[PDB]
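What follows are structure tokens for two forms of the same protein chain, given separately as structure 1 and structure 2.
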Structure 1
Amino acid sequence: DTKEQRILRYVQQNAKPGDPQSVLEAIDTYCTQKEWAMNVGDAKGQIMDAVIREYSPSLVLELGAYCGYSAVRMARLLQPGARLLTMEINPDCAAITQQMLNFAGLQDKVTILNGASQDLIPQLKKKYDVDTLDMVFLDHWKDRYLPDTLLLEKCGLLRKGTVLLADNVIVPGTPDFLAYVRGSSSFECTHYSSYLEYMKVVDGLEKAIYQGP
């Protein structure tokens, strides 16, 4: 029995099936009151929600599903016909994420990719019928944010106006990524100050909008 399985079970026992908001609320309750876990959380989540609503993306890539909290958060705001692809390196987590989405009634909008980002990114266009991405959410290994951004760019997955939105740029931090995007004329960056999930520690999201080569 793992922490992640306990979260899934709590959602199954307490949330309303087919109600994404209820699923988010049960996850946030469990992680607030019983066991901390690395979900984006409600405070950063509201900022995510605002960004998604602003850009109305048709095709979103998530790096790092975990338990599917952000997958649920994002997919519930997607317009009909829009798609979320989410990459998860751990097969236990990838299974839990599928179950979370199923419960929420979002399975039709979301496609889970099991594998390492660096291995899956070059297969997106051909295997998943992708031209360019409208939005990318980065929440996987923090040392992978920069090299996976360079890989997205190499593989032709970014277009002018693709929105990159990165969690944990302060805590635990992604200092190479943040230096890079903020220094590059290919990115226009905005910082959204917030708090680390379930805590009083300052963290933030960075939005980096790709400008072209």
Structure 2
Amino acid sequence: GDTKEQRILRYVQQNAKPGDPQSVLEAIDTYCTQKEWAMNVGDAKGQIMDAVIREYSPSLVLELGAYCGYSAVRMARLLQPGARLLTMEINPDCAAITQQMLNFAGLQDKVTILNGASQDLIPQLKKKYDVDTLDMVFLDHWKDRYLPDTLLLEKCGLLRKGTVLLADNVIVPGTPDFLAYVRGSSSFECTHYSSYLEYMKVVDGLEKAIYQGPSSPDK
């Protein structure tokens, strides 16, 4: 039958207002609430995301996991003129829907969708995509890659003192090894934010982990 993704874009095109990102977000959340797709209702986590963007005003953001573009629209609508979101998405069909979603929102010029696995694209950011360091990273992809990809970002020199990591779904279904790492590491200062999931009626959360620079090269 019809995919969730094609139906979400359909609903937006039929109900939201072109070039009104807020209306696009609200349409996605309205439809996904009606369908009882708990992981696709983004307004609770979106309050936390918005606060992070408003406080830190990042010029260059990396997103891991685009899906249909909800979080890309959510962040890009608050980015300044000339700022940039790079979003990595392994599934080309999701990349395609995300592109259409951004076009409808009028935010396509602020976003570059990178089609591939985060583990393959991250090592290309420096030379192929001319990245110095990221101002913010939003982690929202496969749970078992949150910690590995954080370590990879570190190794590739893509984090600087002050880079803000914001990770979704750290409680449900959970990213406990990622949490133990950033909370235990002197290279990250961490804050936890609770975020509700409907239907399951559970308190998920997001973790903000601000990189402090690398640990001493010595013991």
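Residue indices: 1-based, along structure 1. Only residues modelled in both forms are compared. Basically, rigid core = biggest C-alpha set you can superpose within 1.5 Å across the two forms.
Looking at CA displacements between structure 1 and structure 2 with the core superposed, a shift of 2 Å or more is confined, among 51, 40, 178, 157, to 40. Positional change of residue 196 between structure 1 and structure 2 reaches 2 Å or more at the C-alpha, relative to the superposed core. When the rigid core is fitted, residue 110 shows a C-alpha shift of 0.1 Å between structure 1 and structure 2. Once the core is aligned between structure 1 and structure 2, the alpha carbon position of residue 129 differs by 1.8 Å; this is the C-alpha shift at that site. For residues common to both forms, superposing the rigid core between structure 1 and structure 2 reveals consecutive runs of 3 or more with all Cα shifts of 2 angstroms or more at 37-40, 196-200.
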